[PDB]
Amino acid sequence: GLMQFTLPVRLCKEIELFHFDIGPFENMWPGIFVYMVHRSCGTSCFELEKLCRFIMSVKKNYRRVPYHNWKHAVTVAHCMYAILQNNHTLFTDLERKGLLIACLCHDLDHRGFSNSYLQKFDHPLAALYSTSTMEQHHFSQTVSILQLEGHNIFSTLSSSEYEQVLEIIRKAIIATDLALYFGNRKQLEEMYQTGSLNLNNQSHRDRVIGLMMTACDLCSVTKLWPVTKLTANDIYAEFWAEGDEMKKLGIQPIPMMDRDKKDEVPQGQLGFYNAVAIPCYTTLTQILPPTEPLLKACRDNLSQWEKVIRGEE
């Protein structure tokens, strides 16, 4: 109870910033996550014995794939931490409990393939879940791990609070389906501009949390350039593996996933920043002003990809 997690000074300071990199020492990521829960939620939110056991079962159920791995889980949870800390009073005790856990669990048992590849492969998961295939699986895996003996980190919640938190976590994890992002941002855009957005309306909160989840999930584009650039390699390593698999099914993959079209990556980053990232962080800043640093950092990396195209790097 009187046991706080502390970090080294540089991590203590840098962890509060949106652009924080959790570093290459895997064995520190659990301590980093617990540190964030304790400062975001309270030392009382979770029974430390159960939290630690939940974290290590979650870690175990992430795979050794190049991008959608344990490091991504913790990076995405750190971005959510940054948002919750910079927007203290806007979120319930239950939302702070659910969203950090949601973020850690959001890509559980990811195989490094898109929903599209599961469907064209005719993977069993694509029959069980017709849309947001991987995302419903990630939630299913979260509920599985929550029901392991000793793993129920929400045991102190009432029946109805327990259901509220598993419902926050489910919508939060479904929202990481980037196909659901576009519509969700347009609705939030229209709602903000007409002045109809209302954070006491539960369906409005849901949309806002969904946008945060997109924001944290894409947060690789909000890092300092050398981090963003090096993460790009891991991202394309999955994309190109999937393209390879598409070719094995007899299907020309989209260029994004075709390793024969590496040359076009810088232009592909531009599209993604303009079509997805910038709109995402723009709308998020409108709703949550203190998240502006994510927009600024995103715009900085757009400018850096523009420099790559111009042959200046």
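All residue numbers are counted from 1 along the displayed sequence. We call the rigid core the largest set of C-alpha positions that still match within 1.5 Å between the two forms.
- Take 119-127 and 163-171, fit the other structures onto the shown form by the rigid core, and average the C-alpha distances in 7 other deposited structures of this protein: the farther stretch is 119-127.
- Relative to the shown model and aligned on the rigid core, the C-alphas in 7 other deposited structures of this protein deviate most, among 25-33 and 257-265, for 25-33.
- The mean C-alpha temperature factor is higher for 88-96 when 88-96 and 203-211 are set side by side.
- If you average the C-alpha B-factors over 165-173 and over 192-200, the higher value belongs to 192-200.
- Going by the entry's values, 45 shows the largest Cα B-factor out of 276, 58, 34, 45.
- Of the candidates 156, 133, 75, 222, it is 156 whose Cα B-factor is highest according to the PDB record.
- Among all modelled residues in this chain, the alpha-carbon of residue 217 has a temperature factor (C-alpha) in the lowest third.
- Ranked by C-alpha B-factor against the other modelled residues of its chain, residue 149 falls in the highest third.
- When the modelled residues of the chain are ordered by C-alpha B-factor, residue 236 sits in the middle third.
- Ranked by C-alpha B-factor against the other modelled residues of its chain, residue 250 falls in the highest third.
- Sorting the modelled residues of the chain by their CA temperature factor places residue 160 in the highest third.
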